[PDB]
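**Q** kindly return the folded structure for what I paste below:
(8 chains, ligands or ions: 9)
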Amino acid sequence: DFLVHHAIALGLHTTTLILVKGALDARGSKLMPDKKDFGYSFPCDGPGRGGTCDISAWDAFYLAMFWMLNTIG
Amino acid sequence: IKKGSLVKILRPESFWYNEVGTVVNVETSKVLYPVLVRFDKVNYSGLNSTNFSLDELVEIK
Amino acid sequence: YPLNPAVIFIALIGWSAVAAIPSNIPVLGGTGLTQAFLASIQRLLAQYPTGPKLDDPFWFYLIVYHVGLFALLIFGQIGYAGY
Amino acid sequence: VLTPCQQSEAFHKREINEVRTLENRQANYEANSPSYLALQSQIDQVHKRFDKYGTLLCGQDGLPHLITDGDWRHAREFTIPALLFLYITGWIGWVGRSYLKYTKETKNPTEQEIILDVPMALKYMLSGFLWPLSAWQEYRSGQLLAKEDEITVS
Amino acid sequence: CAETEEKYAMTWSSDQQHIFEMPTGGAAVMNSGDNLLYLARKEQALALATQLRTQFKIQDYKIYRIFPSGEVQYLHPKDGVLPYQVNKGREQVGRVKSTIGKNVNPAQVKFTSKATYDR
Amino acid sequence: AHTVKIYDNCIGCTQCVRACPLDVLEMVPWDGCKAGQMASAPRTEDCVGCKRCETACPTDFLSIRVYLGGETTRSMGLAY
Amino acid sequence: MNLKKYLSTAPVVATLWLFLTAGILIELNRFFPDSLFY
Amino acid sequence: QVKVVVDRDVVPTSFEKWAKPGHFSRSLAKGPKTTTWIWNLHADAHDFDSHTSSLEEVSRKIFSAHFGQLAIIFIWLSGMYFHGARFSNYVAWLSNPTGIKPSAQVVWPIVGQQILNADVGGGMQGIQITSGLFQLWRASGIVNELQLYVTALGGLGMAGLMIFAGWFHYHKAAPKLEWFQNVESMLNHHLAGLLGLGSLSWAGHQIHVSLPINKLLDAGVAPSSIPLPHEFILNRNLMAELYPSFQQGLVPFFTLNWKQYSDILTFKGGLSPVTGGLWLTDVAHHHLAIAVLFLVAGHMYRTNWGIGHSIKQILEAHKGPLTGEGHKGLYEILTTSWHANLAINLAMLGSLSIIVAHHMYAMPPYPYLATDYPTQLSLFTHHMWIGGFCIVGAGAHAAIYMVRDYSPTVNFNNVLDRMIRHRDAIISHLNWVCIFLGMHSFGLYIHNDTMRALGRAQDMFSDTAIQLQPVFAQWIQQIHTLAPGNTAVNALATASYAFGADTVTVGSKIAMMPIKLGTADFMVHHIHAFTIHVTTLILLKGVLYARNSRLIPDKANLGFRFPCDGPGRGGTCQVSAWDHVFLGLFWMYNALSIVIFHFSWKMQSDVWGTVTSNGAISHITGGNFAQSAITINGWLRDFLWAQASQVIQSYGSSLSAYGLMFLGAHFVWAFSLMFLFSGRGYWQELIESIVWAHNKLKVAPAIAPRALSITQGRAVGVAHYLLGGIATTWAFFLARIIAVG
Ligand code: CLA
Ligand code: CLA
Ligand code: CLA
Ligand code: CLA
Ligand code: CLA
Ligand SMILES: CC1=C(C/C=C(\C)CCC[C@H](C)CCC[C@H](C)CCCC(C)C)C(=O)c2ccccc2C1=O
Ligand code: SF4
Ligand code: SF4
Ligand code: SF4
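**A** Residues are numbered from 1 along each chain as shown, chains lettered A, B, ... in the order given. Ligands and ions are numbered 1, 2, ... in the order given. Pasting the structure now:
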């Protein structure tokens, strides 16, 4: 019960790290502050400024769905 | 305003928003962004030296 | 590209007769290399569903005959490279 | 139910099981074998291992559980390595912070983190020992924190 | 294909029979005097323009955009001028008054057919 | 079409035009900078939107922004 | 002269130091094995 | 012509440039303004063809780095001979090999891990060897520990000669490019000097060491009455009793009376039923055949004396009409670029390593190798995986040659770029073959899966159902049964017992059994044809589309490790020639995962196991392949679930480290996925949101903490996918068969 319930709280806090991340950095981050202009599920910003794979607010969904299935796992 | 002055920025989209930096160039030739400022740390493009206007340009003492 | 498709049959005598008269006894063919095949096709030719995987002188002298026959007709087309 | 561990029966069954099960490997070698001597020292490392758990709380499994309430009857379980550990990583955190606020003002700060100034590094490595009342005296000075650093839009 | 899609016909001239590389792939013969080249899409053609221009002098070159109704267009060069070189004939379109910092929030563009930068 | 908009950080250092492999961007003489240049994007119907411009745009934050708009034949960049 | 400057880099110091703390734990777990108290 | 032109005192040997990390690249000596300088410090650390375009300075760097590699290999082999000397039970193993399990590494006694010391007999415990070194040493004739200490000492001595060698060839005597592009001499000395004198001198070792010693051990003499290998050469009278052909000397050699050497050298094949390995008479005769045949093979390259070929006049004469120009250009391709040579040599090296794997299960060449099955297993398995990865390096370095060192001027209408003129017709028919083989290699498993699940087992592809007996493999396998009398005329037994006669039982353990291939083995071969064609699809797509695709018509301008082009063209993520190598590593893990899962389960059902009296047979799984390989529930149940029982129940026992390398290697596997699925546009401002928490406390790192780059952030996902996924099968295999074999 101890070690698992800590694992569950790990799942809740990771999954809210992701969701609260790309829900509060949904609008603009210091990588790209243009994010509010592109809508929700825009793909990327290209390789520019280091590379921008999955910057959108849709990524927080896209990754915390893995953490959802894991945590409910 | 002057060259070499340590300047904090007030434009929220710069990488160096609320970080002080040294003024390299001040141009008096009607440029909308005349003040070329470089920094200690570096943004994602590998480029510290950018430029700014006068409203986004706060010196210190 | 196939500029000279002149003859094919010259390979056949070019491959049967170079393997018929050499017997080289203690192998599958106690006779020559091609006599052990042409003798071993007329037993099977008149609509015989036999010839299993243990049929040595037919199946082995299929591949060991055609792998030299193919090569010698291909080299027969190389026999129209000097033209 | 948390029984005291020295009198839990299934705990002593784990004692018999690991001593005897480890002794099943001891039934291969002669009396002067170095392997056999290693299993002598290993049986020592099982009886000492189980007698030195005399004040834990092995429950119904015979496995020594812990307590994290700070009951002061179980402070040697958790809270004493808690204070010890927070001292060690308050050391490490204070050394890292003091070294970075050294090399933030050098000639080439980018070079200073590749190639550590082992002079000034092993200065701070040792000098961060009294970090509770050095962070408490820098925190009253208005120097531990910062203000008006970088942020995104809003 | 040529029945329904735009074939881009890069035309150019040279001085010597050199060897360039196609955007299709593999080397090409490079007729010395004057030669055309029908291509598929524009990035192939201007990638060939960078393929030639970063090597050596290949100028007086431009693709005629063959569109399947029949007529041509003039890409690249447009104005006998190289595009990063400044000619005082190109009229600017595609600018706004300031940076991103004065773009409106998309909750002001919401339920309207505008863009988040139009001001 | 991918709407390419070129803001007023554009100090006219022409890495955009030299970086774009499509000649959608040119340089326009604009007396607002030190170099007197500011890029323009007239032929955004040919614009792929590969954002190779925004890689080589050495402004503070991205004078030239490439908004991913419609997808025509040329803007999808398909060969056939 | 510059050899110590190589011995002051990030991975070399990290191995001469994590080798040392790893030696603290391994030598401190032969001498005091099975330390669940304190 | 041929001469040796070597610069002396080239580079000073100071420690000064060690204090400048990233001295080597002018694009990288700027100093780290970001942490991506750190990782690019290592990925550019061996871009020798990207430091400077000067091929001389590059070629000095690589040719000196080779001696660093051989220095690590001699440190490694000296490690194996010393761990055989000091730590191993090899002298005890040499008494009875079928009883004592081989072990070298004796785990230090700290908390718990002394339980990893497996009581493997020999009066001494320790973790069990599966690398099979002892079987290499009994074949070598190493009798007591002194030759292992001495050969480890010579291993360190050769390691010192390689360190001093590479130091000597970068700094104070380093050759010109005219030395390096002397390729007729390089082949002329590797075909003859390396391989030729290697196999000839090794035939000398086997005849004058291994044949008398492994005749005395074949008689069963303990390693005390065996004399030194040494003591067989001082007098022939200790060998004339063992082989009377040594009494005649070399006189029947020089008189060409080579009938007299039938005692020393023969052509038997098969397996010695006492030792379970090859006859070392056959193996020494074999290395004489490589000796004369390679030493003849060396002398086909004209160097100084106008006798031999050049590569140029060979390649130019193959000017065939369907290629037009012929091979005009490849000698300038393969003597100017190193990545091209690395593509060829890695392809042939890896495929040689797979050939090594097959020829070690089915013709076990070392004595008592097929009697301890883990060494029989993993020496198959390991030479598969380096047998795999080195192919993908081909697909890497044939791509890099197409990106970096390709030149259309020298390479105009030849055999090379005429492929690239129809690379759509290459990749399109690889595409068709991949889908055809995928349907007809895996749809048969979904088919038999459903038909066994729908109850209609008559409609499967079993033995009893619709049979798919592999006709050609059974037929040519029957030709190999009929080898030693018919066509291999002077043979006695077959080429292997994976083909022909009755099995070989050595100490109630089955050395090699005639493998039957029926209607399940068929479908696994079409798996292997399939997953070989997919990696050939990705690694020919990565070379033909390496430079100018019709999607992106400038990849030569972008580079090799570029991530992408952008969201344009609807998105062009993962499009570079590097990215196809990134995918070829996953499909490498697939293709070899099912090569070894085909191995380690057909050869636990159809070869391995024990025998009892009256010649009775008992496999490890007990014939449970052909009724169970045809589905996937039979595959996953009967192999990946049932064979886990000796890995998963391994706690408390000596196999338990594998039970730790089973779980944790799952971990790393799944830990790969975080790098594969996400991207750095998330992690960069997650990290920067943590950089807020450091800027608040003035713990701002001076080297600015970026996320990983895209090609790094996926490369690390491959490199954990393979370490995790490979180490799962590693601990599963060795934890399986040690608990039986
Ligand atoms: C200079 C040392 C130093 C200090 C004082 C801190 C302090 C902090 N970090 Mg941390 N961090 C460091 C180095 C450091 N970090 C390094 C090197 C990394 C990269 C691995 C990280 C990665 C990191 C993450 C990802 C996160 C933090 C967070 C935090 C905060 C919460 C405490 C915590 O869980 O730590 C976290 C500790 C670790 C992740 C591992 C320990 C880091 C190293 C190994 C120990 C320090 C040794 C250092 C190398 C010594 C250098 C100086 C010496 C050579 C002279 C705290 C302010 C968290 C935060 O924002 O909370 C508010 C958070 O999410 N840190
Ligand atoms: C017949 C002579 C001979 C022999 C035996 C070798 C052997 C070797 N060469 Mg080599 N080479 C030769 C002639 C020879 N070469 C000539 C004439 C040229 C010029 C055209 C080259 C050019 C060349 C290059 C460019 C490279 C090699 C490499 C290698 C190594 C391949 C790795 C290997 O198989 O590991 C097996 C290892 C061994 C069998 C160990 C053998 C070492 C012993 C001491 C024999 C070495 C003899 C040595 C040449 C004597 C130096 C003479 C000097 C004192 C005057 C191998 C050691 C590659 C390598 O790894 O670099 C080292 C490599 O990149 N060679
Ligand atoms: C289990 C997961 C899985 C599966 C099934 C596949 C399947 C495939 N991959 Mg693949 N791939 C995977 C994971 C997978 N991949 C992963 C994880 C990676 C990461 C590296 C890749 C990377 C990769 C690359 C890089 C490439 C492929 C390609 C292919 C195709 C090879 C051709 C073939 O086998 O056709 C046969 C199809 C099958 C065996 C799938 C099962 C179909 C059954 C047999 C029949 C149809 C079922 C049913 C009748 C459907 C109708 C009913 C329904 C409508 C209701 C094939 C579709 C290649 C490709 O795209 O072109 C060849 C290619 O180039 N894959
Ligand atoms: C791709 C692999 C594969 C293959 C070979 C088969 C084959 C078969 N399945 Mg099947 N099956 C598969 C995958 C496959 N399945 C999968 C993946 C599923 C689950 C999604 C199923 C589910 C399934 C069910 C549920 C059933 C079958 C059944 C059958 C059998 C009869 C089906 C039939 O009428 O064929 C249809 C064949 C054709 C329409 C002909 C097309 C193919 C021709 C031969 C191609 C020829 C091209 C030619 C060579 C071109 C060159 C010539 C040209 C140049 C002139 C047959 C043995 C049935 C059965 O009872 O089994 C006995 C049945 O009930 N299957
Ligand atoms: C007569 C000398 C001789 C002898 C005694 C051996 C003996 C052996 N070889 Mg062999 N081998 C030889 C010559 C010889 N080889 C030659 C000349 C080659 C190169 C073509 C090879 C290539 C070779 C490979 C690749 C492998 C062996 C292996 C083996 C071992 C397996 C046991 C067996 O049944 O093999 C019997 C050996 C054979 C049937 C090989 C016959 C090769 C003939 C002589 C080639 C003649 C070439 C000639 C130019 C004519 C070409 C045309 C021809 C194909 C019709 C055995 C020790 C295997 C091994 O490593 O064991 C684990 C293995 O994988 N050999
Ligand atoms: C997690 C993750 C990161 C973050 C990884 C971080 C940046 C690296 C963490 C490991 C480094 C090495 C930790 C740094 C620690 C230093 C070595 C110092 C610590 C002290 C000792 C260990 C020496 C990415 O950058 C990334 C990029 C692209 C796709 C996916 C991902 C991704 O999944
Ligand atoms: S890969 Fe991810 S980041 Fe690089 S371009 Fe394609 S999408 Fe943008
Ligand atoms: S915007 Fe950036 S790129 Fe475009 S011109 Fe001005 S500087 Fe050169
Ligand atoms: S959008 Fe893509 S194509 Fe149009 S300019 Fe910017 S980068 Fe070049």
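**Q** in chain D, which helix is the longest?
**A** helix D:79-103 (DSSP state H).
**Q** going on from that helix, what's the next piece of helix or strand?
**A** Sequence-wise, the next helix or strand downstream of helix D:79-103 (DSSP states H and E) is helix D:109-114.
**Q** who are the packing partners of that following helix?
**A** Helices and strands touching helix D:109-114, by 3 or more C-beta pairs under 8 Å, 6 or more residues apart in numbering or on different chains; DSSP states H and E, are helix D:79-103. (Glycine included, C-beta is placed from N, CA and C.)
**Q** if you count neighbours, what's buried in the helix it packs on?
**A** D:79, D:81, D:90-91, D:93-103 (16 or more other C-beta atoms under 10 Å in any protein chain shown).
**Q** ditto for stretch H:357-371
**A** Applying 16+ other C-beta under 10 Å to stretch H:357-371 flags H:357-358, H:360-371 as buried.
**Q** are it and ligand 5 in contact anywhere?
**A** Yes - using C-beta under 6 Å from any ligand atom as the criterion, contacts between stretch H:357-371 and ligand 5 involve H:359, H:363, H:365.
**Q** could you say what helices and strands the longest helix of chain D packs with?
**A** Against helix D:79-103 (3+ C-beta pairs under 8 Å, 6+ apart) you get helix D:109-114, helix D:118-127, helix D:132-139.
**Q** that one close to ligand 6?
**A** No - applying C-beta under 6 Å from any ligand atom, one finds helix D:79-103 separated from ligand 6 by no less than 9.7 Å.
**Q** ok, residues contacting that helix?
**A** With C-beta atoms under 8 Å, 6 or more residues apart in numbering or on different chains as the test, helix D:79-103 has contacts from D:68, D:70, D:109, D:112-113, D:117, D:120-121, D:124-125, D:127-129, D:131-132, D:134-135, G:38, H:697-702.
**Q** quick check on these: which are buried?
**A** Using 16+ other C-beta under 10 Å, the buried members of the contacts of helix D:79-103 are D:109, D:112-113, D:117, D:120-121, D:124-125, D:128, D:131, D:134-135, H:698-702.
**Q** which residue sits closest to whichever residue of chain D sits closest to chain A, ignoring its sequence neighbours?
**A** Nearest to chain A in chain D, going by C-beta to the nearest C-beta, is residue D:153, at a distance of 3.8 Å. Excluding the flanking residues, the one nearest residue D:153 by C-beta to C-beta, 6 or more residues apart in numbering or on different chains is residue A:28, at 3.8 Å.
**Q** just to be sure, that neighbour is in a strand?
**A** No - applying DSSP: H, G, I helix; E, B strand; the rest coil, one finds residue A:28 to be coil, outside a strand.
**Q** for residue H:26, the count of nearby residues, please.
**A** By other C-beta atoms under 10 Å in any protein chain shown, 10 other residues sit near residue H:26.
**Q** again with residue H:221
**A** 12.
**Q** what about it, distance to ligand 3?
**A** Relative to ligand 3, residue H:221 is positioned 55 Å away (criterion: C-beta to the nearest ligand atom, to the nearest Å).
**Q** what does residue D:138 give?
**A** Taking C-beta to the nearest ligand atom, one finds residue D:138 at 52 Å from ligand 3.
**Q** now do the contacts for that residue.
**A** residue D:144.
**Q** repeat the analysis, applying 10 Å as the threshold.
**A** D:94, D:97-98, D:101, D:131, D:144-145, H:698 (C-beta atoms under 10 Å, 6 or more residues apart in numbering or on different chains).
**Q** ok, and the closest non-adjacent residue to residue 26?
**A** Assuming you mean chain A. Per C-beta to C-beta, 6+ apart, closest to residue A:26 is residue A:57, 3.6 Å.
**Q** hm, I was asking about chain F
**A** Per C-beta to C-beta, 6+ apart, closest to residue F:26 is residue E:83, 4.5 Å.
**Q** where do the helices of chain A begin and end?
**A** Using DSSP H, helices in chain A cover A:2-24, A:58-72.
**Q** out of the buried residues of stretch H:357-371, which are close to ligand 1?
**A** Applying C-beta under 6 Å from any ligand atom to those, none is adjacent to ligand 1.
**Q** what is the nearest of those residues to ligand 9?
**A** Taking C-beta to the nearest ligand atom as the measure, ligand 9 sits nearest to residue H:357 out of the buried residues of stretch H:357-371, at 48.4 Å.
**Q** residue contacts, residue 24?
**A** By default, I'm working from chain A. A:57, A:60, D:152, D:154, H:689.
**Q** actually it's chain F I care about, not the one you picked
**A** E:42, E:83, E:94, F:1-2, F:4, F:16-17, F:39-49, F:53, F:66.
**Q** in strands, which of the residues you listed fall?
**A** Among the contacts of residue F:24, the members falling in strands (DSSP state E) are F:4, F:39-40, F:66.
**Q** report how many residues lie close to the residue of chain D closest to chain A.
**A** 17.
**Q** so it makes contact with residue A:35?
**A** Yes - judged on C-beta atoms under 10 Å, residue D:153 makes contact with residue A:35 at a distance of 8.8 Å.
**Q** need the overlap of contacts for the two.
**A** In contact with both residue D:153 and residue A:35: A:25, A:27-29, using C-beta under 10 Å, 6+ apart.
**Q** out of those, which comes closest to ligand 7?
**A** Closest to ligand 7, out of all of these and judged by C-beta to the nearest ligand atom, is residue A:29, at 14.8 Å.
**Q** what's the spacing between that closest one and residue B:16?
**A** 15 Å (C-beta to C-beta, to the nearest Å).
**Q** what's the answer for residue H:180, then?
**A** In terms of C-beta to C-beta, residue H:180 sits 50 Å off from residue B:16.
**Q** with residue H:343 instead?
**A** 46 Å.
**Q** tell me where chain G has helices.
**A** Using DSSP H, helices in chain G cover G:3-6, G:10-30.
**Q** distance to chain A and mean neighbour count for those helices - can I get that in CSV?
**A** Output for the helices of chain G, formatted as CSV (distance: least, C-beta to the nearest C-beta, whole Å; neighbours: other C-beta atoms under 10 Å in any protein chain shown):
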stretch, distance to chain A, mean neighbour count
helix G:3-6, 30, 14
helix G:10-30, 21, 11
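**Q** out of those, which is closest to chain F?
**A** Using C-beta to the nearest C-beta, these put helix G:10-30 closest to chain F, at 29.4 Å.
**Q** helix, strand, or coil at the residue in the stretch 451-600 of chain H positioned nearest to ligand 8?
**A** Ligand 8 sits closest to residue H:566 of the stretch 451-600 of chain H, with a gap of 15.6 Å, by C-beta to the nearest ligand atom. Under three-state DSSP, residue H:566 falls in the coil class.
**Q** spell out which residues of chain A are next to chain B.
**A** Taking C-beta under 10 Å from any C-beta of the partner chain as the measure of proximity, chain A contacts chain B at A:28, A:30-34, A:48-52.
**Q** quick check: the two most widely separated of those residues?
**A** Greatest spatial distance in these: A:28 and A:51, 18.4 Å, computed using C-beta to C-beta.
**Q** give the contact list for the most centrally placed residue in chain F.
**A** Compute the mean C-alpha point of chain F, and by C-alpha atoms, centre = their mean the closest residue is residue F:25, 4.8 Å away. Listed by C-beta under 10 Å, 6+ apart, the contact partners of residue F:25 are E:83-84, E:94, F:4, F:6, F:14, F:16-19, F:39-44, F:47, F:53, F:64.
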